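Read through the structure below, which is laid out as structure tokens, and then see the notes.
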Amino acid sequence: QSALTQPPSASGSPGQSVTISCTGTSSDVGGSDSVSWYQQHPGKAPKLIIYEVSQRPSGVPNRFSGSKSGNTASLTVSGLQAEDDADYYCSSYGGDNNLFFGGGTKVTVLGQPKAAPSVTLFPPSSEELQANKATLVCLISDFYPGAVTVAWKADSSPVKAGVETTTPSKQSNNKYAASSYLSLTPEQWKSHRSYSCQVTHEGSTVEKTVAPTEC
Amino acid sequence: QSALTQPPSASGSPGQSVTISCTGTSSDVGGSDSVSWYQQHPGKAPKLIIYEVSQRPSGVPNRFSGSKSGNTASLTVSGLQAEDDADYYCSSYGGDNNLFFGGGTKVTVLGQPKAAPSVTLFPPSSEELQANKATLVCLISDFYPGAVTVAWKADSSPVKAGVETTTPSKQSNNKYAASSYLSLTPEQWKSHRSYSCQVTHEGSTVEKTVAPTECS
Ligand SMILES: Cc1cc(OC[C@@H](C)c2ccccc2)cc(=O)n1CCOC(=O)NCc1cccc(-c2c[nH]cn2)c1
């Protein structure tokens, strides 16, 4: 969706190192040395931390380093500190006077053990079907860090319209939970082989699939 | 490191206009026409809506207009809509390869309409019952303001344990969504006549009930 591609998330414990990538094309990332990186603590103003691939503004510690190889730029944060937990965005000049941005990378400094999500995909309930709705819901619970990306497939084809995913919230067990729901019509639901929920967490994807049944 | 100066807060009613300012110095905002504005909904990536003081990227409505006078840039959002409720940041390049950002302005769209939740209750799926699990999910969507309370029933008796409800989050229709889910064993699910989800929003309660399926 974003012009430049960044991994959705990275994580590490205090003192560890983490590298996050920013992939474009030869006409942006690979067409000059104009890659910048920005840091944002959620709800706060962002801050430029790297410009022209490798240059650190004043005040930015040398724990942060930027490099580029071909059409991929990389930001390395060595010796993670608590204040490095933030969202990180890249940008690059394009072909002509155009500025391209990546989708952002959530960098977590692990505050607790990592936990993969429990993924449960529910087909349409009877009551909503007889109200001419065929909403599917994909329940995602008990994960840490609280970053997740969800993709839906109709058969094998990506489906963007009708998808809603809730912002992960921390539950009573101190692990995160969210739900993605796909608002189908009964016709859409009954006319496909199946639908799938793809849940990505800590660089690993899990997929669940449901299909219509007679009863 | 120094910031541009934006008011913390601004507001307006639907259809009204709102103007927010971004005050810099002669060597940033006043130094050239490199002022940008970004819109960001909480928990989402931001969206550049203005660059070079006044230029809108593709797909940005012409309700958003940017200008500059001296050291102060201004964004005006006319015809306010619920989706304009968000944080707005300005930026400006200076010399020395510097990029300055304002602290951000939270624009509030006042008096958005109340909306009762849609409630959809799902019984355990085939796959999880196979896996010796019986989680129920109560999907709650399309409600405003974003506060709900959820109670569960086993037959007619209150369910006091195994309940989790997510913090409501605003979705693409500018209304809130949440899920309550009840972790049951397959035995609990099968031993009862039904389970119900009771969602209370603004003093009004919606109740849904599901029972072990009679299919095969
Ligand atoms: C993801 C993201 C980040 C971003 O952070 C800025 C950072 C300072 C910041 C950070 C935190 C808080 C505030 C600001 C800005 C931003 O706009 N995005 C969305 C990117 O959208 C696209 O790539 N869309 C397709 C696309 C395709 C081709 C051209 C364009 C185009 C032309 N002219 C403008 N866009 C767009």
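First listed ligand is number 1; within each ligand, the first listed atom is number 1. What's counted below: heavy atoms across the whole structure, side chains too, no hydrogens, waters or symmetry copies. In what follows, chains carry the letters A, B, and so on, assigned in the order in which the sequence lines appear, proteins first and then strands, with residues in each chain numbered from 1.
Between the side chains of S169(A) and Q171(A), a donor-acceptor pair is found at a separation under 3.5 Å. Looking at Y88(A) and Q39(A), their side chains do bring a donor and an acceptor atom within 3.5 Å of each other. Counted by atom type alone, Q6(A) and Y89(A) present zero donor-acceptor pairs between their side chains at under 3.5 Å.
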Any protein N or O within less than 3.5 Å of an N or O in ligand 1? List each pair with its distance, or say none.
from: ligand 1; atom 1: 17 (O); to: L48(B); atom 2: N; distance (Å): 3.0
from: ligand 1; atom 1: 18 (N); to: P46(B); atom 2: O; distance (Å): 3.2
from: ligand 1; atom 1: 23 (O); to: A3(A); atom 2: N; distance (Å): 3.0

Could you please spell out the steps behind the side-chain contact (heavy atoms from CB on, under 4.5 Å) verdict for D142(B) and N173(B)? CA-CA 8 Å; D142(B) 302 331; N173(B) 60 9; 2.9 Å; yes
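Using bins of under 30°, 30° to 60° and over 60° for the plane-to-plane angle, the ring pair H201(A)/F143(A) lands in the perpendicular bin. The aromatic rings of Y38(B) and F101(B) lie tilted to each other, with the angle between the two planes from 30° to 60°.
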